[PDB]
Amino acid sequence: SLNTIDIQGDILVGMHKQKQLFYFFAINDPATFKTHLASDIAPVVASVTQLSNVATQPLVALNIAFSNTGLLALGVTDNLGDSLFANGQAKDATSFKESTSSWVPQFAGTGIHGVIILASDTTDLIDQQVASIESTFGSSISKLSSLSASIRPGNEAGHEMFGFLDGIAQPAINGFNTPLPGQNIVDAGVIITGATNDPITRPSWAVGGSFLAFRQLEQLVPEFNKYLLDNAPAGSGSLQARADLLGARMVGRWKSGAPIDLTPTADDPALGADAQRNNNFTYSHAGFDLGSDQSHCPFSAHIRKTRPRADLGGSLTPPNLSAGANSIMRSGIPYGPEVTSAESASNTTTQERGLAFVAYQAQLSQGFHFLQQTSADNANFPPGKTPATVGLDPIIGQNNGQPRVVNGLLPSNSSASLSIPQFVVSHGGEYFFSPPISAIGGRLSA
C-alpha cells in the first residue's frame, strides 16, 4: 500500500505556501555533496504525511528532484524506466513543435543536475534557507538559475496570471484521496513510481518517487486580454462580460472556476468555489450528440483537451473514469510581476510573467508529454468529432511559432474558426525525478 511518509509532499499535496523558489543547481565534488545531501537536506524534506496535517506543516517546506545527469553525477547508473527522463526535456522539445533555440540557455542542455523547491510564506524565510544550504554545501552545490514564484494577491489568490482559478482538478488516488464528485479515480502507480499498478519495473530505491515535468511558461496577459475584447461575441452584457465568455470558452472554466459545461452562458462564482460541485461533469448531455455538440463546451477548450472525460469513452454520468493513465498531478505556481499600468494601457508585454508549471506522473510519455503532443498540439484530438478538425488548445497548443487554428469557440457557430496568436510562450524546462525521501539520505548519498 501507499507509504506516504516516504513521498515528497509537493507530489500529492502541494506546498501550499505563499512563496516558492525553484533553485536549479549543478553538483561539484559529489562526495561532499552527498554528505550534505544526507545531513542537511534529507532531514528537512517535507513528506505528504507532514504537509497533510496543519500541525506538522514546516515554516519552510523543501522538496528536491534530480535530472538524469544529476543522478549520473551522484554515480547512479540505474535505469529508472523512462526514456524521456533519461534524454532530458531539451531533446524532447521538437515533440511539442518548439525549438530549444528560444529557450533559457541553462535549460537548453543537460547541465542542470537538479532542482530544490523551497516554499514559505515570505521570500525572506526562503532566502534564509537558501543561504543555509549554500553555507553548508559550500561550492559542492552550484546555482545555475532560479525562478521565484508566488500565489497572486488579494482576490486573485489561487488564480493564474490570465485570471482563472487554478488547482481545482486533480486525479484522486484510489485508497488515498476521498474522491470528489466528477473527479477521476486512478491507481497510485499512475503518479507514484513503483506504486499500485505501475506497470514499469523501477529500481528498488526509487519506489515512492515521481517524475517532475517543469516548464517555464511565459504568459502574454495584456495581449490575451486585448484579444478577448477584440473578438468578443455579440450579445447582451458589457463588452468585458462578452470577452469573459470567450475566455471561458477557451479555458473550459470561467475565471471563478465554474465549469462552462455546467453553466455555458453565464458565470456562477458560488459553483466555482464549491469542490463538491465544480468538477461534477463528463461533457455528456442527454439530448445532445457528444460528437458534434459544442454548445456547452468547445472540443478545443483547454481542460477538455487535457482531460477529455466522455470524449474518450466511459460513463456519461459522473464520475467519468476514462484515460486514468493519462492523468497528471499539477503543482504549478505563477511567476513574475503583476501586469503594470503601462503594459495594460499599451496592450503589450514588457516584463516576463507566467506559470512555473509542474506536473507529476509515473510515466512522462503518458502524462505531460502525451497531453502536450497528442492532445493540445493535435488538431484532430479528441477523435471522432464532427467537424473532425477540433483545432489546437488555445491556451497551450503549439505549432512552431505560428498562430493556432482553433475551432468551436464561438457559441453562434461551431464551424467558425479563429486563428489565435500564442498567449503562452515556452522558455523551456527539464524533466526531473523526485525520489522517495528514504533515497535522499540513502542510495543518493551512498
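Residue numbers run from 1 along the displayed sequence.
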Please compare 25 to 33 with 381 to 389 and name the stretch with the higher mean C-alpha B-factor in the deposited structure.
381 to 389
Quick check: 259 to 267 versus 355 to 363, which has the larger average CA B-factor in the record?
259 to 267
Which of these has the highest Cα B-factor in the record: 398, 69, 57, 47?
57
Residue with highest C-alpha B-factor in the PDB entry, from 374, 284, 349, 327
284
Lowest, middle or highest third - CA B-factor, residue 343
lowest
Determine, from the deposited record, the chain-internal third of the Cα B-factor for residue 19: lowest, middle or highest.
middle
By its CA B factor, does residue 4 count among the lowest, middle or highest third of the modelled residues in the chain?
highest
Tell me, lowest, middle or highest third: where does the Cα B factor of residue 230 rank within its chain?
highest
Would you mind checking where the Cα B-factor of residue 97 ranks among the modelled residues of its chain, as the lowest, middle or highest third?
middle
